[PDB]
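For reference, the structure discussed in these notes is given below.
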Amino acid sequence: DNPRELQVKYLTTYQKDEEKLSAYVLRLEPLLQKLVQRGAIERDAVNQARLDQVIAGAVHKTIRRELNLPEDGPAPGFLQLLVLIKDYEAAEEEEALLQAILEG
């Protein structure tokens, strides 16, 4: 309920085994915006905070590279990050289709 408790819950929210990364980011977003409301995070840090937790919580332990995002660079906005993830998930689906076919 209080800001620290909200922070702990956000930081310990992790991507589920069979959850799409895009669904994961969508699930995180309300929690992040609530943290902004309660003063636990400043507006100007939101994008970085978002990216950080995606990186921390993702099943893919090197997702920052898969999305071609470099450290130190500026954090993408919400919609930009979602589009990067959509493109990534499309490519992953292509790889899965190929594996299923070759397995014929």
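In the structure tokens, chains take the letters A, B, ... in the order shown, each chain's residues start at 1, and ligands count up from 1 in the order shown.
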For range 35-58 of chain A against range 13-30 of chain A, with a cut-off of 10 Å and counting only C-alpha atoms, what is the closest atom pair and its distance in Å to one decimal for every residue that makes the cut, ordered by chain and number, as a Markdown table?
| residue | atom | partner | partner_atom | distance |
| --- | --- | --- | --- | --- |
| A:35 | CA | A:30 | CA | 8.6 |
| A:36 | CA | A:30 | CA | 9.8 |
| A:50 | CA | A:29 | CA | 7.8 |
| A:51 | CA | A:25 | CA | 9.2 |
| A:53 | CA | A:13 | CA | 8.4 |
| A:54 | CA | A:25 | CA | 6.8 |
| A:55 | CA | A:14 | CA | 9.7 |
| A:56 | CA | A:14 | CA | 7.7 |
| A:57 | CA | A:14 | CA | 4.2 |
| A:58 | CA | A:15 | CA | 5.2 |
Discussion item. Taking the DSSP secondary structure from the backbone, can you list the residues of chain A that are alpha helix (DSSP H), as JSON, numbers by chain?
Written reply: {"A": [3, 4, 5, 6, 7, 8, 9, 10, 11, 21, 22, 23, 24, 25, 26, 27, 28, 29, 30, 31, 32, 33, 34, 35, 36, 37, 46, 47, 48, 49, 50, 51, 52, 53, 54, 55, 56, 57, 63, 64, 65, 66, 78, 79, 80, 81, 82, 83, 84, 85, 86, 87, 88, 89, 90, 91, 92, 93, 94, 95, 96, 97, 98, 99, 100, 101, 102]}
Hey, could you make a per-residue contact list for range 8-59 of chain A against range 66-76 of chain A with 10 Å as the cut-off, showing the nearest pair of atoms and its distance in Å to one decimal, counting only C-alpha atoms, sorted by chain and number, as CSV?
residue,atom,partner,partner_atom,distance
A:45,CA,A:75,CA,9.1
A:46,CA,A:75,CA,9.0
A:47,CA,A:75,CA,5.5
A:48,CA,A:75,CA,5.2
A:49,CA,A:75,CA,8.8
A:50,CA,A:75,CA,8.6
A:51,CA,A:75,CA,6.8
A:52,CA,A:75,CA,9.2
Item to complete: Provide the CA of residue 7 in chain A to CA of residue 86 in chain A distance in Å, to one decimal place.
Response: 27.0 Å
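Taking CA of residue 83 in chain A and CA of residue 40 in chain A as the two end points, the separation is 27.0 Å.
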